[PDB]
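# Architecture and fold: a report
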2 protein chains.
Amino acid sequence: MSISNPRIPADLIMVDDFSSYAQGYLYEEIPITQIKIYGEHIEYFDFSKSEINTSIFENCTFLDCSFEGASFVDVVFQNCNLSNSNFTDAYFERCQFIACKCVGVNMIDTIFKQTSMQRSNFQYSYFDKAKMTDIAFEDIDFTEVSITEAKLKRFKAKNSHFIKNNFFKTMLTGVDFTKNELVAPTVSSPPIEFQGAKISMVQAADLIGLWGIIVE
Amino acid sequence: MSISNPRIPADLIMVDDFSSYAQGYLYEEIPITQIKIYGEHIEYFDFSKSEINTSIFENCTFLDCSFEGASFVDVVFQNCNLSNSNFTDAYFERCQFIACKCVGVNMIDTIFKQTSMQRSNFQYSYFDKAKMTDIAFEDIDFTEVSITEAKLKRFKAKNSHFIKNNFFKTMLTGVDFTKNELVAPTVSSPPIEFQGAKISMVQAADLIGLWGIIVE
């Protein structure tokens, strides 16, 4: 990786119940710091405006939770299920997602910096108007992810699935798609969003075929 | 070719001086019929509204002449040089071009029927708004030829060089380019003019270059 890793101390306070540990810090507007959460299962809970750093989430399940307006800095999510949780206006810096289920997740208007995700599933998610900078994907399922009006810089991906994506108004100059799956993207006419992008011969033939032309 | 050949009898007179001969038939509004023209060299001459059939041009040179609104039926051009001549609004039926130099000819608004071109050079020529039906190209140089807003039906080509053509609004459904060179075509977005056409994998990677997309 060319990405700065989360900077986490060796001594982490293990925490019992996160749902109510956080209540104090939300109230008083204080950073949650240096903790480890493990084995939780929480649904429909409001964690909006949490300001979290230097912590690890492990084997946790946050379904349909709000993280609207939250921030995460030097944070690992490892083997978590965040499906259908709402992260609109959230901020991420030096974060890692590893082996996570993030189906139907709402990441609209987010800011990501120096973040990597590996072996995780993001099907049916929304990354519209996200601004993402210094990002690395490995083995990521991005099937049916909407990501219109986004702003990407130093974004790389390998072995990842960009299938049925809406890329409308999102410029992809300098992105290399050759070691990934690119299938059935939605783009403008003409297709500026792919100007300066790099694809494979097969990707080009599939794409031309898409627009009604026969290829050998 | 299952294309009707020119139907020319053996009963031909050989004309000495084509310029003089043609003026008589032009002044009297009568058709030129059953002649062989050989070895002429004519420049800047007006043959507009000429009507010519059952005839053969061999080894003739017509530079910057007008055949505007002319008519050619059952005619053969062989080893001719028609470079920069103006055939705008002309009509061609059961004709053949064989080893001709037709650099920069104006074929705008023409009609072609049952016509075949072999070993001929058409570069820098204009074919806009042409109607072409039952056509065969064999070893044709079509470099930098403009052919916008044209109607093509039963069009076939082989070993021909379609390079840097403007195809804007010319539907090429059914046309097979796999046995030809096709480079740098200009088309609409979406690219309707190649809907239903057949191209090679190499040719598809080239076409997509129009929009600035890079391919390995």
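As stated in the entry header, the method of structure determination is X-ray crystallography and the reported resolution is 2.8000 Å.

Under the annotation held in the PDB entry, chain A carries the name Pentapeptide repeat family protein and is attributed to Clostridium botulinum. The header of this PDB entry states its title as "Pentapeptide repeat family protein from Clostridium botulinum".

This part covers the pairing of strand 5 (residues 51–58) of chain B. All names here are of chain B. With six of eight residues buried, strand 5 is to be regarded as a mostly interior element. Where strand 2 (residues 32–33) lies against strand 5, two bridges are found, and the strand directions are parallel. By the bridge assignment for strand 5, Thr33 is matched with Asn53. Where strand 3 (residues 35–38) meets strand 5, three bridges bridge the pair, whose relative direction is parallel. Opposite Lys36, over in strand 5, you have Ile56 as the bridge partner.

Turning our eyes to something else, we now look at the layout of surface pockets. All names here are of chain B. Considering only enclosed or pocket space, the largest pocket measures out at about 240 Å³ in volume. Lining the largest pocket are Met1, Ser2, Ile3, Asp134, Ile135, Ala136, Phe137, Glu138, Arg154, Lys156, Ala157 and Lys158. Secondary structure elements with two or more residues in the lining of the largest pocket: strand 10 (131–138) and strand 11 (151–158). When residues in the lining of the largest pocket are grouped by element, the largest group, five residues, is from strand 10.

Time to look at the interface of chain B and chain A. Taken together, the contacts link 22 residues of chain B with 23 residues of chain A. Of all residues in chain B, B:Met201, B:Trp211 and B:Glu216 bury the most surface against chain A, accounting for 27% of the area lost on that side. Connecting chain B to chain A are two salt bridges. Across the salt bridge formed by B:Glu216 and A:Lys198, the nearest N and O atoms sit 3.5 Å from each other. On inspection of chain B and its partner chain A, the count reaches nine residue pairs in polar contact.

Right, let's get into a negative patch on the surface. All names here are of chain A. A surface patch of like charges, here negative, comprises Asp46, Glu68, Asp89 and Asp109. Residue placement: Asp89 occurs in the loop between strand 7 (71–78) and strand 8 (91–98). What makes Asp89 partly exposed here is its relative accessible area of 45%.

Turning to a nonpolar patch on the surface, a few remarks are in order. Together, A:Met201, A:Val202, B:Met201 and B:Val202 line one region of the surface with nonpolar side chains, adding up to about 340 Å² of accessible area. Elements that contribute at least two residues to the nonpolar patch include exactly helix 2 (201–210) of chain A together with helix 2 (201–207) of chain B. Mapped onto the secondary structure, A:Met201 falls in helix 2.

For the rest of this paragraph, the subject is the side chain of A:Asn81. Residue and element names in this part refer to chain A. Take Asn81: it is sitting in the loop between strand 7 and strand 8. The exposure class of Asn81 is buried, given its relative accessible area of 18%. Excluding residues that lie within four positions of it along the chain, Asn81 makes contacts with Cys60, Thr61, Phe62, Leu63 and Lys101.

All names here are of chain B. Mapped onto the elements, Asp46 comes out in the loop between strand 4 (41–43) and strand 5. You can call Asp46 partly exposed: its relative accessible area is 47%. Counting along the chain gives 97 residues from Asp46 to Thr143, while the straight-line C-alpha distance between them is 28 Å. For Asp46, the side chain forms a polar contact with the side chain of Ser48, separated by 2.8 Å.

Glancing now at the relation of the copies chain B and chain A. Superposing the two chain copies requires a rotation about an axis and a translation along that axis. The transform that puts chain B on chain A rotates by 175 degrees and translates by 0.8 Å along the axis, for an RMSD of 0.7 Å. Taken together, the rotation and translation relating the two chain copies correspond to the operation of a two-fold axis. Considering only C-alpha atoms, the part of chain B nearest the rotation axis is B:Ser189, at 2.4 Å. When you check the interface residues of chain B against chain A, 100% turn up at the interface there too, and the contact is symmetric in its surfaces.

Conventions we followed
- Residues numbered from 1 in each chain as written, not as in the entry; some residues may be left out.
- Chains lettered and ligands numbered in written order.
- Heavy atoms only, no water.
- Buried < 20%, exposed > 50% of the residue type's maximum accessible area, 1.4 Å probe, protein only.
- Helix = DSSP H or I, 4+ residues; strand = E, 2+ residues; numbered from the N terminus.
- Pairing = 2+ DSSP bridges.
- 1 Å grid on protein atoms, 1.4 Å probe; cavity = no way out; pocket = protein on both sides within 12 Å on 5 of 7 lines; lining within 4 Å.
- Points joined across faces, edges and corners; volume = space filled by probe spheres on them.
- Contact = heavy atoms within 4.5 Å.
- Buried area = accessible area lost by both parts, 1.4 Å probe.
- Salt bridge = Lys/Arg side-chain N within 4 Å of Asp/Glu carboxyl O.
- Polar contact = N/O pair within 3.5 Å; in protein donor to acceptor, adjacent residues only side chain to side chain.
- Patch = residues over 30% accessible without salt bridge, like charges linked within 9 Å, V, L, I, M, F, W, Y side chains within 5 Å.
- Areas by Shrake-Rupley, 256 points an atom, 1.4 Å probe, with all protein chains shown as cover.
- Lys, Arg positive; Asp, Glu negative; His and termini not counted.
- Charge placed at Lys NZ, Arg CZ, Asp CG, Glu CD.
- Least-squares fit on C-alpha atoms.

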